[PDB]
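Please read the structure below before turning to the comments.
As a basis for the values below, the full set of heavy atoms in this structure was taken, side chains included, without hydrogen atoms, waters or symmetry mates. Numbers here are sequence positions counted from 1.
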Amino acid sequence: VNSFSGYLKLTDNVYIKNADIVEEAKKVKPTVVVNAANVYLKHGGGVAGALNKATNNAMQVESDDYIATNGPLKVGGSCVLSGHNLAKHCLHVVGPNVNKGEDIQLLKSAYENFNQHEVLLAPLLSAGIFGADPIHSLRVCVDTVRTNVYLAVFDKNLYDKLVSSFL
Ligand SMILES: O=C1OCCN1CCNc1ncnc2[nH]c3cc(F)ccc3c12
Ligand SMILES: [Cl-]
């Protein structure tokens with residue numbers, strides 16, 4: 001039993017809810033919140049800009065130190081950093097940006113990072129401002145993630161279509 005409330009069960013391990021991941025993280029304080037990161041951990045907009053704003057820019061400060069030490073992430077890769085006031089940990093995961101022609105096959109590699117964590121709150125990787133089809137992102141998630149994932153979807157319209165087209 002866990003504290004994730006009001007989710008619609010899609011599969012054995014995947015659950016979905018119309019919610020802003022930021023507000024959902026603030027309420028649940030999950031062990032792991034997933035950020036829809038880019039390789040530079042520049043959290044300007046989308047999930048990343050919104051999470052970072054909710055941390056009062058502390059996520060960005062921590063991220064800049066991470067990049068200065070380690071260099072950029074890989075597309076499809078991830079790193080674990082602090083969850084600040086939102087979660088214990090933040091798993092920064094880089095899905096491909098389709099608007100720049102990055103290989104959508106890397107979306108599966110991106111979701112594989114979730115399997116290193118038993119339970120996660122997460123957005124749809126590569127959806128929204130990253131330019132991929134959110135229906136496809138959900139399909140890859142369900143077919144790749146084996147650990148327990150709670151997907152927060154911001155747009156009510158999008159949430160209802162993702163549910164409706166699933167089975
Ligand atoms: O649902 C969706 O509609 C448009 C894209 N998208 C899926 C990807 N985005 C999100 N996913 C989940 N929570 C979010 N909170 C946010 C707060 C923001 F300021 C910006 C973006 C999000 C967001
Ligand atoms: Cl977005």
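More than 12 heavy atoms of other shown residues, nucleotides or ligands fall within 6.0 angstrom of atom CG in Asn99. Dense packing is recorded around NZ of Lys9, with more than 12 heavy atoms of other residues, nucleotides or ligands lying under 6.0 Å away.
Connection of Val47 to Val39 is not established within any shared hydrophobic cluster, with ILVMFWY side chains joined at heavy-atom distances below 4.5 Å, either directly or through further cluster members. No continuous path of hydrophobic side-chain contacts links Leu158 to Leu121 [ILVMFWY only; heavy atoms under 4.5 Å]. Transitive grouping of hydrophobic side chains (ILVMFWY, heavy atoms separated by less than 4.5 Å) brings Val140 and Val149 into a common cluster. Linking ILVMFWY residues whenever their side-chain heavy atoms come closer than 4.5 Å, directly or via other members, places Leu138 and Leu120 in the same cluster.
In this pair, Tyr15 and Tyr150 present their aromatic rings parallel. The plane angle is below 30°, not in the 30 to 60° band.
When all heavy atoms of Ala110 and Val94 are compared, the closest pair comes out as CB-O, 3.7 Å. Nearest heavy atoms, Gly95 versus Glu102: O-OE1, 4.2 Å. Between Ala54 and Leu86, the shortest heavy-atom contact is CB-CD2, 4.0 Å. Residues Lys17 and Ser5 come closest through the heavy atom pair NZ-O, 2.8 Å. Smallest separation of non-hydrogen atoms from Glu62 and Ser82: OE2-N, 2.8 Å. The minimum heavy-atom distance between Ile135 and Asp133, with the atom names listed, is N-OD1, 3.0 Å.
Counted by atom type alone, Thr31 and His89 present zero donor-acceptor pairs between their side chains at under 3.5 Å. Side-chain contact, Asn38 with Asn97: no donor N or O sits under 3.5 Å from an acceptor N or O.
Sorted by first and then second residue, the salt bridge (charged side-chain N to carboxylate O under 4.0 Å, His left out) pairs with a member in residues 137-159 read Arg139-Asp143, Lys156-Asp160; sequence neighbours excluded. The side chain to side chain donor-acceptor pair (under 3.5 Å) contacts involving residues 111-129 comprise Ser78-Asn113, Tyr111-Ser137, where partners must be two or more places apart or lie in separate chains.
Residues satisfying the side-chain hydrogen bond (donor to acceptor under 3.5 Å, both in side chains) test with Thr147, not counting sequence neighbours, are none.
Judged by distance alone, the side chain of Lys88 and the main-chain N or O of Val32 form no donor-acceptor pair under 3.5 Å. Listed for the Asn35 side chain is no donor-acceptor partner under 3.5 Å among the backbone atoms of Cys90. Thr55 contributes a side-chain N or O that, together with a main-chain N or O of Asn52, makes up a donor-acceptor pair within less than 3.5 Å.
No side-chain heavy atom of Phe114 sits less than 4.5 Å from a side-chain heavy atom of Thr144. Contact of the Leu41 side chain with the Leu73 side chain is registered, since non-hydrogen atoms from C-beta on lie closer than 4.5 Å. Within the 4.5 Å cutoff, side-chain heavy atoms of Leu81 are placed close to those of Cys79.
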